[PDB]
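Since every read-out is calculated from the coordinates, none of them should be taken as a lab result. Neighbour counts are summed over all protein chains in view; Cβ atoms, including those assigned to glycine, are modelled from backbone coordinates with ideal geometry.
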Amino acid sequence: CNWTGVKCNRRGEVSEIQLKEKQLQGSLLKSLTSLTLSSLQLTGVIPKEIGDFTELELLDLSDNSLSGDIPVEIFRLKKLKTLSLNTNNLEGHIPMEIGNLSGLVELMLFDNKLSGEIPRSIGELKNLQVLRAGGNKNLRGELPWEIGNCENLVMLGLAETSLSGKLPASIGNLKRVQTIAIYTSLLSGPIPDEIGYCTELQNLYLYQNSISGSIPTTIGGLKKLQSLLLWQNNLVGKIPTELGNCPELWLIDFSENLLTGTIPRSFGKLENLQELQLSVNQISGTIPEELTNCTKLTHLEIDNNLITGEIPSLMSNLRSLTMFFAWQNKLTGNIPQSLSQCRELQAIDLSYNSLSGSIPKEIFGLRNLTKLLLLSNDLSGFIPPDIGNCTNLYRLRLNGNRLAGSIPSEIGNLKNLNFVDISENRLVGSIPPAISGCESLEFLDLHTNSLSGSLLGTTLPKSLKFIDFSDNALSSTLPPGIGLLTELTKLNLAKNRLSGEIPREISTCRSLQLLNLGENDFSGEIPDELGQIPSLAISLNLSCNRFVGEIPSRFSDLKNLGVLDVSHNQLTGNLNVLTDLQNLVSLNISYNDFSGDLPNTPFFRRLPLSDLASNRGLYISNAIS
Amino acid sequence: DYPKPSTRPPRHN
Ligand SMILES: *[C@@H]1O[C@H](CO)[C@@H](O[C@@H]2O[C@H](CO)[C@@H](O)[C@H](O)[C@H]2NC(C)=O)[C@H](O)[C@H]1NC(C)=O
Ligand SMILES: *[C@@H]1O[C@H](CO)[C@@H](O)[C@H](O)[C@H]1NC(C)=O
Ligand SMILES: *[C@@H]1O[C@H](CO)[C@@H](O)[C@H](O)[C@H]1NC(C)=O
């Protein structure tokens, strides 16, 4: 009996059995004191004969497929200090007789199929330390009051269960409890004030419930408190200033609640705060200067609130800041230059605010910044030339501001830049040919600007998926170079001064799902090649130009087209070439010179009558029976 | 498993 995995007692009989990761299967010495069969891929029920070893202090069945209920006689072993049934399929209620185990220290039921309530008998276990039952979706009911009687409790977690109701005031009694995890559950009601009575509490995870009332002030008296995750609940009221009295607290998440009030000035006292998340609340006030005393702060997410004022200039005092999101507030003044002294900033989102003045150039001196999102503010000035200094810029959105002048040619310095949106501004001049040097640029939106001059195919990086130049002053002709953007998908040139023929090389853009040429000076006949992208699916808008001739025959090949608008042109002839397009959803042929009959299909009887009326000869016909 | 504790996932425009 010297076999590996077996331990004999000093009186010679078998004491311990140990097996792990042996890839077994199926179902599964009255002195044996510890039994571990774990990672064995066993199935079926726990044999009710498990009670036949009356000497067991430890039963570890964890990480198998084992099924059925938990044999109640497993609770007839009163020397058991450890029970791990976790990571199995066991179903059933938790037996009341569990209270009969005086010596149970660690109890692990988690990641099972279990259901029912938690027996009120857990309070009979006076030496219980870790209770982890979470990851049972049907384990439910209120948390029993008697839970306050487990005096030595250290870890409680019920996370990802159906557990509901209010945490009982009983929790005042666990004076050694370090971690309470009940998260993504059915909990409701207010956090009980009496939780301020757990002195040893370190981490509180109540996130993703519906928890009402307000955050109890008494949480400030928790001297050892470290992590607070309250996010996605109903929490109302002001953030308690007493949280500043919790020295070890490096993490606070109140995101997505109803809170009101000011971000507390006492937060300055918090020397260890790495992450502060308040997003989606009703919080008001200015950002307090004392929060800049927060040296270890990496993430500050204050977005989606009522915060007012100017961004504090002392923000330079936080040298470890990575992510700063203030979007959807009411913030005034300049983006302070001194924000560029946070050398570790990866991401800034100041979008949806009132910020004014120019964008300080020093921000583009940030070497690790992949995201600058300033969209929707009152921003004015030029885009600094220093924009090429920003090596890692990936996502850039300046849209919805007043920024003036030309787009600096340095932006072609940026080799990682995937996404730029400068739409809805005052920008002028030509689009700088230097942008052709953005190797990575897939999405470019310049729409609603004052841009002018002549487009060029040599001006565009070949990797572009998406281009919107609409609503500008752009003139002359669409270049044949357009045939070189083979990955292009949406292309919108609408509302410009563009003219001439449509170049036939558009047919060599093989990826195109959307083409909007609407409202320009284009003329000539719509080329035969336009029907040659089988890819055109989403939309084709040729409206409001000078096009003449007949709708081209190859058009019947656009079998995936769902929207076509040819309105306000000089086009003539019939629509017969359009009568086989079954996926055609929206068609605007109005204000043209078309004539001839349309079938009585439910499609064409949907076309407005004024639509047909703006043409030369259009009318619905009736087929000869 | 049931997932380890986490912060609300951050959102930007
Ligand atoms: C972007 O890069 C340029 C080029 O290295 C930086 O600047 C020059 O700046 C230095 C120091 O301020 C001056 O001594 C030179 O006269 C400048 N040279 C030229 C030709 O302008 C610039 O500071 C960087 N910008 C940012 C915001 O980091
Ligand atoms: C086509 O372009 C014109 C002019 O820009 C626009 O007003 C119209 O809405 C567009 N057609 C569709 C399908 O919306
Ligand atoms: C033509 O019809 C479409 C769909 O009804 C409409 O949205 C569009 O505005 C019309 N085109 C123009 C140029 O008005």
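Scan segment A:528-546 and give yes if some residue there is under 27 Å from residue A:472 (Cβ atoms), more than 16 Å from ligand 3 (Cβ to nearest atom) and either touching a strand residue (DSSP E or B) at 6+ places or on another chain (Cβ under 6 Å) or not aliphatic (A, V, I, L, M) (or both), otherwise no. Yes, there is a match, as at least one residue in segment A:528-546 is under 27 Å from residue A:472 (Cβ atoms), more than 16 Å from ligand 3 (Cβ to nearest atom) and either touching a strand residue (DSSP E or B) at 6+ places or on another chain (Cβ under 6 Å) or not aliphatic (A, V, I, L, M) (or both).
Within segment A:40-56, being within 50 Å of the chain's Cα centre (by Cα) and surrounded by fewer than 17 Cβ atoms within 10 Å (Cβ to Cβ) holds for A:41, A:44, A:45, A:47, A:48, A:49, A:51. Has segment A:457-465 got at least one residue that is within 16 Å of ligand 3 (Cβ to nearest atom), in contact with a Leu (Cβ under 9 Å, 6 or more places away or on another chain) and either more than 14 Å from chain B (Cβ to nearest Cβ) or closer than 30 Å to residue A:401 by Cβ (or both)? So far as segment A:457-465 goes, no, none of its residues is within 16 Å of ligand 3 (Cβ to nearest atom), in contact with a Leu (Cβ under 9 Å, 6 or more places away or on another chain) and either more than 14 Å from chain B (Cβ to nearest Cβ) or closer than 30 Å to residue A:401 by Cβ (or both). Counting the residues of segment A:178-193 that are within 11 Å of chain B (Cβ to nearest Cβ) and at positive phi gives 1.
Filtering segment A:251-272 to residues that are away from chain B (no Cβ under 14 Å) and not in a loop (DSSP other than H, G, I, E, B) leaves A:262, A:265, A:266, A:267, A:268, A:269. Assess whether residue A:238 counts as being touching an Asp or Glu at 6+ places or on another chain (Cβ under 9 Å), charged (D, E, K, R) and not in a strand (DSSP E or B). Spelling it out, it is not the case that residue A:238 is touching an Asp or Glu at 6+ places or on another chain (Cβ under 9 Å), charged (D, E, K, R) and not in a strand (DSSP E or B). Of the listed requirements (1) in a loop (DSSP other than H, G, I, E, B); (2) in contact with a strand residue (DSSP E or B) (Cβ under 7 Å, 6 or more places away or on another chain), residue A:233 misses just one: (2). Screening A:408, A:384 for residues that are in contact with a helix residue (DSSP H, G or I) (Cβ under 7 Å, 6 or more places away or on another chain), farther than 23 Å from residue A:352 by Cα and of a type outside the set (A, V, I, L, M) leaves exactly one candidate, A:408. If the condition is being more than 18 Å from residue A:518 (Cα to Cα) and more than 12 Å from ligand 2 (Cβ to nearest atom), then segment A:573-592 contributes A:573, A:574, A:575, A:576, A:577, A:578, A:579, A:580, A:581, A:582, A:583, A:584. In the set (1) within 14 Å of chain B (Cβ to nearest Cβ); (2) out of contact with any strand residue (DSSP E or B) (no Cβ under 8 Å at 6 or more places or on another chain), the condition left unmet by residue A:175 is number (1).
Answer yes or no: is there a residue in segment A:273-291 that is away from chain B (no Cβ under 14 Å), part of a helix (DSSP H, G or I) and buried (at least 21 other Cβ atoms within 10 Å of the Cβ). So far as segment A:273-291 goes, yes, one or more of its residues are away from chain B (no Cβ under 14 Å), part of a helix (DSSP H, G or I) and buried (at least 21 other Cβ atoms within 10 Å of the Cβ).
Residue count for segment A:201-228 under the criterion of being within 14 Å of chain B (Cβ to nearest Cβ) and of a type in the set (A, V, I, L, M): the result is 3.
The set of residues from segment A:557-572 being more than 11 Å from residue A:517 (Cβ to Cβ), in a strand (DSSP E or B) and within 14 Å of ligand 2 (Cβ to nearest atom) comprises A:563, A:564. Out of the residues in segment A:123-145 that are within 14 Å of another protein chain (Cβ to nearest Cβ) and of a type in the set (D, E, K, R), state the one that is surrounded by the fewest Cβ atoms within 10 Å (Cβ to Cβ). Ranking the candidates gives A:137 first. Taking the criterion of being acidic (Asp, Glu), closer than 24 Å to residue A:473 by Cβ and away from ligand 3 (no atom under 16 Å from the Cβ), the only residue of segment A:501-525 that qualifies is A:501.
Give the residue that is nearest to ligand 3 (Cβ to nearest atom), with candidates limited to residues of segment A:325-368 that are surrounded by 23 or more Cβ atoms within 10 Å (Cβ to Cβ) and part of a strand (DSSP E or B). Across segment A:325-368, the extreme among qualifying residues is A:349. Of all residue pairs spaced 6 or more apart or on separate chains, none has beta-carbon atoms under 7 Å together with a first member in segment A:105-122 that is within 14 Å of chain B (Cβ to nearest Cβ) and hydroxyl-bearing (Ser, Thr, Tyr) and a second member that is crowded, with 16+ Cβ neighbours inside 10 Å and in a loop (DSSP other than H, G, I, E, B).
Against the conditions (1) surrounded by fewer than 17 Cβ atoms within 10 Å (Cβ to Cβ); (2) within 16 Å of ligand 3 (Cβ to nearest atom); (3) of a type in the set (S, T, N, Q), residue A:622 satisfies every one except (2). Taking the criterion of being touching a helix residue (DSSP H, G or I) at 6+ places or on another chain (Cβ under 6 Å), more than 18 Å from residue A:127 (Cβ to Cβ) and surrounded by 17 or more Cβ atoms within 10 Å (Cβ to Cβ), the only residue of segment A:75-102 that qualifies is A:95.
Among the residues of segment A:547-556, those that are within 28 Å of residue A:472 (Cα to Cα) and either assigned to a loop (DSSP other than H, G, I, E, B) or within 14 Å of ligand 3 (Cβ to nearest atom) (or both) comprise A:547, A:549, A:551.
If you go through segment A:557-570 and keep only what is within 17 Å of residue A:529 (Cβ to Cβ) and either within 16 Å of ligand 3 (Cβ to nearest atom) or among the polar types (S, T, N, Q) (or both), you end up with A:560, A:561, A:564, A:566.
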